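Accompanying notes for the structure given below.
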Amino acid sequence: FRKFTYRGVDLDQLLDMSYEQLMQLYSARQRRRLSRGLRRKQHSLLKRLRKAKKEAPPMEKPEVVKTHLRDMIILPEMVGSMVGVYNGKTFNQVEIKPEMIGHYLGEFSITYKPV
Amino acid sequence: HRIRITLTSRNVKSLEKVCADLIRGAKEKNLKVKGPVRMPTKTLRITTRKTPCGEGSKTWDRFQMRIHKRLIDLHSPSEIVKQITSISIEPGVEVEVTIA
Amino acid sequence: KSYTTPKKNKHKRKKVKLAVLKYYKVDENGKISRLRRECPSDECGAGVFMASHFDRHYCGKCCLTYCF
Amino acid sequence: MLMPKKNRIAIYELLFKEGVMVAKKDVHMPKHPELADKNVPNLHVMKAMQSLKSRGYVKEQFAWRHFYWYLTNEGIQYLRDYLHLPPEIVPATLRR
Amino acid sequence: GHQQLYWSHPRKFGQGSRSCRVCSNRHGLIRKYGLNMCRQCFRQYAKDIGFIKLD
Amino acid sequence: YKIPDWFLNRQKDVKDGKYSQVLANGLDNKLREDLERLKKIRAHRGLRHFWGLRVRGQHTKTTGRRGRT
Amino acid sequence: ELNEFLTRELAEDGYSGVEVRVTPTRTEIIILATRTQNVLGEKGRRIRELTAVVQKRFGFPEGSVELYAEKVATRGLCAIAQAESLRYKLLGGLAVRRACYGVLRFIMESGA
RNA sequence: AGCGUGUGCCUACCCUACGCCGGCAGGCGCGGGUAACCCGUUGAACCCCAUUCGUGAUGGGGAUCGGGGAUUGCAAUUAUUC
RNA sequence: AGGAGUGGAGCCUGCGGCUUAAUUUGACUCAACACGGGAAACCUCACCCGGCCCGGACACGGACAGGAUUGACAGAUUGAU
Ligand SMILES: [Zn+2]
């Protein structure tokens, strides 16, 4: 019911701010994930995932896409789509929430079973 | 002017004999020479497990080598020094010439 | 030998029947008429012509795609 | 595998000039070590020399890394056949 | 691009960037004073180098 | 009161976002809302806290003897 | 490196050991072997091609090293070549025991 | 205080002091070293002296547990390290 | 005669057992169990899942420069430009 804020700023403001103040908006461990240099050495899959996010679906959830990368960042522009984490066997068909910004993509995976 | 002859080898007796021969040659060729110094020597220590497999008592190898270095000073041109380093060459002795 | 997943075929080359004969088309005389347009790249000029698809053209070892 | 022509005639013109050559045990290397002229590979040189092993034109030596090859007279006649020069020239191993 | 995908992990650090000089091993190597050799072949060929076990 | 901004306990909280020192009942509310937040978002740390083991990545062959039998 | 290379290659004619003498502008080296007639080949081709192998391997200035070889005196008193001789006797067709007594009487009346 | 260690083969990754910035972990200029020369008279730790505490799971113990900030690599979530 | 202790408390690590597509594997009282120098984020790595290439040299044939044979952008495809 409450309009949630990313530690003070609304999600409309999150889509209305960019990277150059986003890295002060989030924490320090993954600041170096975005600020140590150019993102091209293995980021071709990141660029293709960005294309798969920015392509336009009809008025529903977008088309399903899987990835084999687990250490993927989550952005306010990444909010509201479908991703599939590589668990070896099964891509977990789990949505995301707009309050997930800050964590990694690989935060949704069980290990084996509840023994 | 000043010649700083530095001598490096591996054995102590060969180094002593070569230094004695250099002192004898410098006395024979009528030229001044400074005192024979003895630089201290450092060890070569490597400890390894003696078992190629993962089985055995805790037995190891304790290797040691003493490597030898020494120095001497000369006051002569390079002709006599080059002739001395060119004559009586043994393979365990490596000479080094530096004018400093 | 035979595993579970069906294996595809490697890109082997078929018999292109008289390809160089279709490089130029002669009507009646000793003149030369160029059907496919020659590649304007720096690596290859009048010796190599562009690949002819139906949508857009492509080069050879130059690997340039010329937009219309 | 694909064998480009320039590298292979390059290894004939080096093997006839200097008879014996070494090659370190390395497949995953961008550049052949002692040939610093062009971007010549190493695995293709390995494959050509083991082809002359399979024909028996060249002998084999190997200690830790550096594969040493020794040519016999069959390698000599193969080299002077593919060279297409008269045999008045000799390899440098015969020269003293 | 298979041959272009031979080199995707740069070998400048870790264990795959390094190897022995004697037996193409990557377990139990000596880096000190540039020996660059596994320990057992070091024990085997130490005396050929000139090494003596004085203690 | 001329206390530097690094010299606090909780930084950039979800409610205020300003560097504040929050006491016993307030930290009780903070820990309750944080555990319910991780339980709602169902992260890896949230599921680890839900099962009830060492969330900081350790080995559980010798520890946890007094937990269950 | 050079010692194990000579044990791999020069074992056909009874190689024993090596002691290289370091000297600038002339890197002389002596090789201890028994069958001297089988190390030079056909008027020094083999020595020059080992020289070219060393030059192409270790990265040295060309035409600088020279390789020597000589007949070993009291050849029974080097242990490597006697082991190679026992290997050569056991390789072809001989019984092991009589070869052992032969090499034992060779070393015993060799003078050891 | 003493054993020790240090610019590299393919092979890049070293030892650091002086001088500024911020509590810290760290950052920029800045010289020296193939080594009793530079780190380095290795101003090492334990001990010792002057306050503080008082038999209380307690100024012991730091296990368990959130946030912030740093260097490494192509990248640290299953906390890499601090 | 003693001293320091361990086994008990918390924690690092190895083995056995459970489980997982896979939790790679040898050693089992002295004379296995911070052992293989084995302090593994990827290579290591020897394990499973996912897709490429041969790293089939050479001998006997078929085929063949009138083609025996390779490298890919427009763009659908997994995981990648
Ligand atoms: Zn072109």
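Cβ placement follows ideal geometry from the backbone for every residue including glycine, while neighbour counts extend to all protein chains displayed. Here, each number is a calculation from the coordinates, and none is a lab measurement.
Figure legend. Inter-residue proximity from the range F:23-47: first residues exposed (fewer than 12 other Cβ atoms within 10 Å of the Cβ), second residues outside any helix (DSSP H, G or I) and among the charged types (D, E, K, R), beta-carbon distance below 7 Å, spacing 6+ or different chains. No pairs are indicated.
Residues in the range B:15-31 that are assigned to a helix (DSSP H, G or I) and surrounded by 12 or more Cβ atoms within 10 Å (Cβ to Cβ): B:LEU15, B:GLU16, B:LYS17, B:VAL18, B:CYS19, B:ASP21, B:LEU22, B:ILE23, B:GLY25, B:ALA26. For the range C:56-65, the count of residues that are within 15 Å of the ligand (Cβ to nearest atom) and of a type in the set (A, V, I, L, M) is nonzero. Set side by side, the residues A:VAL83, A:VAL65, A:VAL115 differ, and just one is away from chain F (no Cβ under 14 Å), assigned to a loop (DSSP other than H, G, I, E, B) and over 28 Å from A:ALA28 (Cα atoms), which is A:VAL65. For the range E:1-51, filtered to residues that are of a type in the set (A, V, I, L, M) and within 14 Å of chain B (Cβ to nearest Cβ), the residue that is farthest from B:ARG62 (Cα to Cα) is E:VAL22.
Among helices (runs of 4 or more DSSP H) entirely within the range G:1-99, having at least 2 residues that are away from every other protein chain (no Cβ under 14 Å) singles out G:79-92.
Looking across the range E:1-25 at every residue that is more than 7 Å from RNA strand H (Cβ to nearest atom) and touching a strand residue (DSSP E or B) at 6+ places or on another chain (Cβ under 8 Å), the one that is farthest from D:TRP64 (Cα to Cα) is identified as E:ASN25.
For F:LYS18, state whether it is near RNA strand H (Cβ under 8 Å from one of its atoms), basic (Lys, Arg) and within 24 Å of A:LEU25 (Cβ to Cβ). So F:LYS18 fails the test. The number of residues in the range C:1-46 being within 29 Å of C:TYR66 (Cβ to Cβ), exposed (fewer than 10 other Cβ atoms within 10 Å of the Cβ) and polar (S, T, N, Q) comes to 1.
For the range A:56-65, the count of residues that are within 16 Å of RNA strand I (Cβ to nearest atom), within 13 Å of the chain's Cα centre (by Cα) and among the small types (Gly, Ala, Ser) is zero. Residue count for the range E:22-55, restricted to those that are touching a helix residue (DSSP H, G or I) at 6+ places or on another chain (Cβ under 9 Å), of a type outside the set (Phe, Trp, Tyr) and assigned to a loop (DSSP other than H, G, I, E, B): 7. Output yes when any residue across the range C:24-34 is in a strand (DSSP E or B), over 30 Å from E:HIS2 (Cβ atoms) and either away from the ligand (no atom under 16 Å from the Cβ) or away from chain E (no Cβ under 14 Å) (or both), and no when none is. Yes; the residues of the range C:24-34 include at least one that is in a strand (DSSP E or B), over 30 Å from E:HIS2 (Cβ atoms) and either away from the ligand (no atom under 16 Å from the Cβ) or away from chain E (no Cβ under 14 Å) (or both). Regarding the range G:97-112, can at least one residue be identified that is touching a residue at least 60 places away in the same chain (Cβ under 8 Å) and surrounded by 13 or more Cβ atoms within 10 Å (Cβ to Cβ)? No, that holds for no residue.
Scanning the range F:14-69 for residues that are within 23 Å of A:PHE108 (Cα to Cα) and assigned to a loop (DSSP other than H, G, I, E, B) yields F:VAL14, F:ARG42, F:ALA43, F:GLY52, F:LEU53, F:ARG54, F:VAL55, F:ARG56, F:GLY57, F:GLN58, F:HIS59, F:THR60.
Checked against (1) more than 13 Å from the chain's Cα centre (by Cα); (2) away from chain G (no Cβ under 14 Å), D:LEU94 passes all but condition (2). Selection over the range B:47-100 of residues that are among the small types (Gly, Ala, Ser) and in contact with a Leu (Cβ under 6 Å, 6 or more places away or on another chain) gives a count of 1.
Looking for something within 15 Å of RNA strand I (Cβ to nearest atom), in contact (Cβ under 8 Å) with a residue 12 or more places away in the chain and not in a helix (DSSP H, G or I) - is there at least one such residue anywhere in the range D:33-50? The answer is yes; a qualifying residue exists.
Within the range C:11-19, can one find any residue that is within 12 Å of RNA strand I (Cβ to nearest atom) and over 30 Å from E:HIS2 (Cα atoms)? Within the range C:11-19 (the criterion being within 12 Å of RNA strand I (Cβ to nearest atom) and over 30 Å from E:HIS2 (Cα atoms)), the answer is yes, since at least one residue qualifies. Looking at C:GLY60, is it under 13 Å from the mean Cα position of the chain (by Cα) and part of a loop (DSSP other than H, G, I, E, B)? Criteria met by C:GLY60.
Every residue, every condition in (1) within 14 Å of the chain's Cα centre (by Cα); (2) more than 23 Å from E:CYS20 (Cβ to Cβ); (3) within 10 Å of another protein chain (Cβ to nearest Cβ), yes or no:
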site: D:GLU18; (1), (2), (3): yes, yes, yes
site: D:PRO33; (1), (2), (3): yes, no, yes
site: D:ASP37; (1), (2), (3): no, yes, no
site: D:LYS47; (1), (2), (3): yes, yes, no
site: D:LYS53; (1), (2), (3): yes, yes, no
site: D:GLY56; (1), (2), (3): yes, yes, no
site: D:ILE76; (1), (2), (3): yes, yes, no
site: D:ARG80; (1), (2), (3): yes, yes, no
site: D:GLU88; (1), (2), (3): no, yes, no
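When the range A:86-112 is filtered for residues that are within 13 Å of RNA strand H (Cβ to nearest atom) and either part of a helix (DSSP H, G or I) or more than 25 Å from A:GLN42 (Cα to Cα) (or both), the ones remaining, listed by number, are A:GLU99, A:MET100, A:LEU105, A:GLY106, A:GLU107, A:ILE110, A:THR111, A:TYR112.
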